[PDB]
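Trainee: Return a 3D structure for these sequence lines:
(2 chains)
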Amino acid sequence: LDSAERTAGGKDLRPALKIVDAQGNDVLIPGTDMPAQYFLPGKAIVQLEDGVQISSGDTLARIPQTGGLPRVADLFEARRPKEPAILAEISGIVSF
DNA sequence: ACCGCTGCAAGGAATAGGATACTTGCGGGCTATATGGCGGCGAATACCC
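Mentor: Numbering: from 1, shown residues only, chains lettered A, B, ... in the order given. I have put the structure below:
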């Protein structure tokens, strides 16, 4: 349930999925020391079960997805586009 | 040496005719309340925290 879909109960917690082994502890990302837990976004449809074997690079879950003279005029005039593809302002990790 | 008379002006009724006060349209001279276009953008409010 997205933040909008869910009621007040589940607002605080953040759903996630950590890769684990038979021992139960969190298997680590290769190379680095950040434990591998993937943050499930809202409206994510899941089909697999808990504690079930899966292989590398597999679908853990699914989440669905002018040219005329005015184009030249707009491009030179440097007008802001309708739907700006916001960029990454600086380097580093990101959070909500 | 006095008087009634004739006669010569002043005011009434009928016609023609110009002068002149009155009326009018103008010509120039003057003064002094809408209703089928968008797009961009920036400033100025509105708003609900």
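
Trainee: Please count neighbours and contacts with C-alpha atoms only from this point.
Mentor: OK.

Trainee: What is the three-state secondary structure of the most centrally placed residue in chain A?
Mentor: Centroid-nearest residue in chain A, with C-alpha atoms, centre = their mean: residue A:41, separated by 6.0 Å. When classified by DSSP: H, G, I helix; E, B strand; the rest coil, residue A:41 comes out as coil.

Trainee: which residues sit in contact with it?
Mentor: A:2, A:15 (C-alpha atoms under 8 Å, 6 or more residues apart in numbering).

Trainee: measure it to residue A:14 for me?
Mentor: 9 Å (C-alpha to C-alpha, to the nearest Å).

Trainee: Please report phi then psi for residue A:20.
Mentor: Backbone geometry at residue A:20, expressed as degrees, to the nearest 10, gives phi -140, psi 170.

Trainee: cool, and the one 4 residues further on?
Mentor: Listed backbone geometry of residue A:24 is phi 100, psi -20, with angles given as degrees, to the nearest 10.

Trainee: That one - how many residues pack around it?
Mentor: As a burial measure, residue A:24 scores 9 neighbours (other C-alpha atoms under 10 Å).

Trainee: Any chance you could list what contacts the helix or strand where residue A:74 lies?
Mentor: Secondary structure from DSSP states H and E places residue A:74 in helix A:69-77. Contact with helix A:69-77 is made by no outside residue, as judged by C-alpha under 8 Å, 6+ apart.

Trainee: tell me how far it is from the chain's mean position?
Mentor: 35 Å (C-alpha atoms, centre = their mean, to the nearest Å).

Trainee: State the distance from residue A:2 to residue A:62.
Mentor: 14 Å.

Trainee: likewise residue A:9?
Mentor: Counting by C-alpha to C-alpha, the gap from residue A:9 to residue A:62 is 24 Å.

Trainee: cool, residue A:22 as well?
Mentor: 26 Å.
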